[PDB]
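Peer 1: quick check, what structure comes out for this input:
(13 chains, ligands or ions: 1)
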Amino acid sequence: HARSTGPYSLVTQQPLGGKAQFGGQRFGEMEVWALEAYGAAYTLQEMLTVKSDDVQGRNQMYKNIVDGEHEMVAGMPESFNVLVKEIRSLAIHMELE
Amino acid sequence: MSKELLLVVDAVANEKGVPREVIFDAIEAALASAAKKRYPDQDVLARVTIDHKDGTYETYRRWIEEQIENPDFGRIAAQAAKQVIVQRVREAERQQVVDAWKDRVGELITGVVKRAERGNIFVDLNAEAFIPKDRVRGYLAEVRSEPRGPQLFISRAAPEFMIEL
Amino acid sequence: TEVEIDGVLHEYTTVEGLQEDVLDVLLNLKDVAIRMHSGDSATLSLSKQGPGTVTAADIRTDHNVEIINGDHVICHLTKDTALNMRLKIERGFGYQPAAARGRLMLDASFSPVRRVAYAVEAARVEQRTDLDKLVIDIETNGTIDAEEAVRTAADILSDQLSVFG
Amino acid sequence: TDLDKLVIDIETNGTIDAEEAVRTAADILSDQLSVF
Amino acid sequence: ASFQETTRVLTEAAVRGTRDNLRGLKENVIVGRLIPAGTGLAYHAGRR
Amino acid sequence: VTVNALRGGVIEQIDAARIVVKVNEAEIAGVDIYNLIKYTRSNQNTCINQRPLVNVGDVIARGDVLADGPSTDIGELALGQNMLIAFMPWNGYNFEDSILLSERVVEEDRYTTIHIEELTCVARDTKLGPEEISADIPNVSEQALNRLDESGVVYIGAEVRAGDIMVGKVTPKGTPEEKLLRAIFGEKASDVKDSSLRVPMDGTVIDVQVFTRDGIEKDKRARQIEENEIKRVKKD
Amino acid sequence: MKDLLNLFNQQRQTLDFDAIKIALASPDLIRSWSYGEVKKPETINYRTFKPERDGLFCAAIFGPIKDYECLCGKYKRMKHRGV
Amino acid sequence: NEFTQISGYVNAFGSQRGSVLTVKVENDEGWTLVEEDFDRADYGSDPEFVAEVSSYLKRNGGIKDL
Amino acid sequence: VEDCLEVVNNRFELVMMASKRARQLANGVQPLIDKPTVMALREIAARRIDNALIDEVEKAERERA
Amino acid sequence: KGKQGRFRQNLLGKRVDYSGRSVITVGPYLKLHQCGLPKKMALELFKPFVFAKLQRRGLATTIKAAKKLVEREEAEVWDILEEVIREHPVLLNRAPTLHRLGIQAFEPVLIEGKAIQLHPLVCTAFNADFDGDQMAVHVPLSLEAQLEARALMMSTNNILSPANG
Amino acid sequence: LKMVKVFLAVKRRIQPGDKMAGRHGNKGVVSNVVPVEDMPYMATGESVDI
DNA sequence: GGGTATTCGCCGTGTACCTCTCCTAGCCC
RNA sequence: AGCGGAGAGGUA
Ligand SMILES: [Mg+2]
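Peer 2: Numbering: from 1, shown residues only, chains lettered A, B, ... in the order given. Below, you will see the structure:
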């Protein structure tokens, strides 16, 4: 099975899992360790931010693919904002200076 | 169901400039398209004869007539009748604006402004007019823009407006 | 290629009066071999009712369509149920599946030859060197003969070697 | 999709052409198949 | 606080009020910036 | 998975779906009859089948088999096939626990298995309106509507493909032209949503089971299969 | 639920910072964090699909359910903002 | 029902009514050049719909991105 | 890829230079000698394009824009 | 905290798109830098590039007609898929990645099957057998990611082991 | 109000890549399908399948 | 006031994938 | 109509 773009979860902006409902393959931690062992800054940045996590980033990358121009703008993952909102619910102030 | 459509066609939204004859022709054309989509052999025109202000719904088929037709539910026929109805309503509104432009009077027009783009403006006189510079009461009359409905063209500054004043 | 039976809708149902299933009848029809003299298509029908076995010789054949005597049975009938079955023969080569080509579909293996073996032996003949001979034992299903098989094999070789020059 | 492509490498010493050698080989095989 | 005893490191950073300068490899994955190793060293050189 | 004869006797009445035995005076008032399952799905989406093996008019004893079950011979357990094996490396195609297959193991249909899938179409009741099983679906071409009947569902024994509409289901999602279209028709002109059952795996449809609730008017195909079931139980 | 005009605009967040500071939170700062106070432990009322006012799932505290819509339905336009 | 600019193109207008987006391209004189309707359930995905609207705005007269 | 590791010592600088050359070639420009990245690596390995010439072409494209 | 928390399941390891998995077989005819890829799998993975090339070639005015032409599966979409995949590397990954060389880049070719063919000199570094082994693939789509996969992730560049010489 | 269950029977053939094990624990995966003319044959002409 | 000597807790213990079922249901009419 | 928490089996 394979997929290009399917449905996304609402708790965190990430694709689903499994052969059903067009789930994506989980890019594990050891694969991220191997890509960090390769170096590969631009490959690892476009893997866990642009393709998976960012809402506007995947739309901008998709329209830049179908338009022909090359202008990649990265952003913060939404799961980091979920973690910030979950830490702030524990009466602990976490600010992005 | 004869008066239930009579309470619908009698609205003054599209029957103020041109009366309910062309709306009846649009309804007859939509039901003829539905009967042609229901029948497997669609090569002749069907006549849906509806009388004036009574609403007797009867479907015929002329090939001069050959046989009778019969309606059905037709959800795809309902979608086809909807697009033929809105296309014929657009055609009738284009006919209404062009005959109100071309049969009332060809002379100076008086209206208020509605929109203003970069180097252009729109003058409302339910017809829309263009403001050429190459509320206002300029004297200019021309016919163009045959696709998307013909619209009248006035000007903000014209020598005919100075000659008439 | 295809089998058309009036009482059998799809290839997974059960018909009254038959001991085996429909898939056993389809495999037994795939097992038999049919030799046709002329033509690229044919249609054979069979009619067998009452108790008793159904062989390949019980079908109705044409003058050009020749059937092997068929000691292998097709199905087994028990009750007094009529079996009206229509077949279709087509020409081809190799193996064609049912996907890439109340109507049934059957696979076809267009290969009359089962196994080919050969061995090279030496022939004591007064010549300039040691000339060797070879023997080829062809085992078929009775459809094709061993002479026209190697004749069309040499024809295929001469048509394939015609690209050079 | 299921087709085979044949690539033959010929290294002749230089007394004859390689295409001429392939042509004479095909002619010899065609005569040996046409005798039978 | 990435692999073991998240509560202890979290309450220590909450009491002391530490400031993470993001000079690492895993925290750039968490934040979402480039990795400061390999092709991403020029971006970190041009940033500072 | 196999049936066994409790009392031996004559098997003079035999069918592919049922086996009727006739007991003797020593074992016996009525005779015994064994019904065989033909094609039903298992828990692992596989096909189970019971094909008979006895003939017409042969005596048996207590304990003999009458129909071989799924993956079962005449009394031995059968899991696979028998085929020629050669232990030799062949051009790297059997490199590291890889298996090489010939054309003769494929063209004779030795490993062809039958899988039966369960695809359901559930018609819930919503607040805007109940979903129907009508066949008139907008924005659907006739090429996907030829296999549908007047009931809205597919026929029995129809070759479908991936993406084919098997059960046609619509749901209501809730300008003067729309009012004119709603008055010209019988309140079924527009405001509908297409949500039908599609095939995810191409094959034939072997059985169509329709479940209905009380207080709902039955469909003509449901009435037809009800007549078929009562005719079948009256016949047997 | 469904919105397509707001979905097209991008580059709204820059996400450019240097460090991350974590500290404690004063009760006045927690009061300045939130937008409303909850008082009832009711999330979703029975026999209707509508959120409960002043509950865990409320529109007066967190936000509306449907996009550019209220609970009653007095404002059903995209032009009304900040009202 | 008012055509609202999507704030991604200098010459673009959009109108959504029942999960159907009406996108039109206006001329500098004010006349609408082209107009098409794009559904949501036919695509089944978000960036494919974004790519469709972007390609329809780029091929049918996209002068600038302001 | 051995000649590309021969004309420059560092590998990541080669990756960044080939990325800049592929970004310049993908917008449409005449190459020095079919994919844009493969043509950029072939122009790097042939000692035809330099980083200063890449910066000059990028400055010319920024001035022309 | 924990393994199933919001820190280990959504921040370090994330689910990614443009990716799929399949079983692996052995391919002796392949080279070291290239690997096999199924036709439908590569059509599902390289779908945006296929859509962009179909918009550039002019075979479809909108992406809806291009999507219907992709699902119709004619020969032109195979020509587009063959022209796109020619110089585009993909990242092949083993499901355990304890090795440094668990992720390698290959130039895929289109095969008529349902599995991912692999060179026999690759599975030694992957420590992968050929009995029920599955490998997840990933495609880089940016130019920097493609050049990084060509330079420092190719199988021809990773000859020596990271542990010893 | 109504439930419709449709039984779909698919008959799948053998494909290259399918897992097939023996009787003593020697599992394997089918590499490719080879024609009969390329398979090794004995002295009598019987072609080996596997 | 101050050193051993137990002792109560705190915190952790591989990755990736594929199928299936079952989810708070209890009561006085 | 999409967003999920347990239990069981199986493969590497
Ligand atoms: Mg293994």
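Peer 1: make it CA atoms for all contacts and neighbour counts henceforth
Peer 2: Fine.
Peer 1: can you map out the helices along chain J?
Peer 2: For chain J, the helices defined by DSSP state H occupy J:39-45, J:47-57, J:63-72, J:75-84, J:123-126, J:143-152.
Peer 1: how about a markdown table for the ones you listed, with mean neighbour count and distance to DNA strand L added?
Peer 2: Formatted as a markdown table, the helices of chain J follow (neighbours: other CA atoms under 10 Å in any protein chain shown; distance: least, CA to the nearest atom of the strand, whole Å):
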| stretch | mean neighbour count | distance to DNA strand L |
| --- | --- | --- |
| helix J:39-45 | 21 | 14 |
| helix J:47-57 | 20 | 20 |
| helix J:63-72 | 16 | 22 |
| helix J:75-84 | 16 | 25 |
| helix J:123-126 | 16 | 13 |
| helix J:143-152 | 24 | 21 |
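Peer 1: nearest to chain G, of those helices?
Peer 2: helix J:63-72 (17.4 Å; CA to the nearest CA).
Peer 1: longest helix of chain I?
Peer 2: helix I:11-26.
Peer 1: circling back: can you redo the helices of chain J as JSON lines with distance to chain H?
Peer 2: Shown next, in JSON lines, are the helices of chain J (distance: least, CA to the nearest CA, whole Å):
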{"stretch": "helix J:39-45", "distance to chain H": "14"}
{"stretch": "helix J:47-57", "distance to chain H": "9"}
{"stretch": "helix J:63-72", "distance to chain H": "6"}
{"stretch": "helix J:75-84", "distance to chain H": "18"}
{"stretch": "helix J:123-126", "distance to chain H": "35"}
{"stretch": "helix J:143-152", "distance to chain H": "20"}
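Peer 1: one step back: who are the packing partners of the helix or strand following the longest helix of chain I?
Peer 2: Downstream of helix I:11-26, the first helix or strand assigned by DSSP states H and E is helix I:36-45. Helices and strands touching helix I:36-45, by 3 or more CA pairs under 8 Å, 6 or more residues apart in numbering or on different chains; DSSP states H and E, are helix I:4-7, helix I:11-26.
Peer 1: in CSV, list these along with mean neighbour count and distance to residue J:142.
Peer 2: What follows is the helices and strands packed on helix I:36-45, written out as CSV (neighbours: other CA atoms under 10 Å in any protein chain shown; distance: least, CA to CA, whole Å):
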stretch, mean neighbour count, distance to residue J:142
helix I:4-7, 15, 21
helix I:11-26, 21, 10
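Peer 1: could you pull out the helices in chain B for me?
Peer 2: Using DSSP H, the helices of chain B run over B:3-9, B:21-38, B:75-102, B:159-164.
Peer 1: actually, chain C.
Peer 2: So, for chain C - with DSSP H - the helices run C:22-31, C:146-160.
Peer 1: buried residues, the shortest one. List them.
Peer 2: Right, the one you point to is helix C:22-31. C:22, C:25-26, C:28-30 (16 or more other CA atoms under 10 Å in any protein chain shown).
Peer 1: residue of chain G with the smallest distance to the ion?
Peer 2: Closest residue of chain G to the ion, CA to the ion: residue G:15 (44.8 Å).
Peer 1: for burial, what's the neighbour tally of that residue?
Peer 2: By other CA atoms under 10 Å in any protein chain shown, 14 other residues sit near residue G:15.
Peer 1: contacts only, for it.
Peer 2: A:75-76 (CA atoms under 8 Å, 6 or more residues apart in numbering or on different chains).
Peer 1: so the residue nearest the centre of chain K, which state does it fall into?
Peer 2: Centroid-nearest residue in chain K: residue K:14, 3.6 Å away (criterion: CA atoms, centre = their mean). Assigned with DSSP: H, G, I helix; E, B strand; the rest coil, residue K:14 falls in the coil class.
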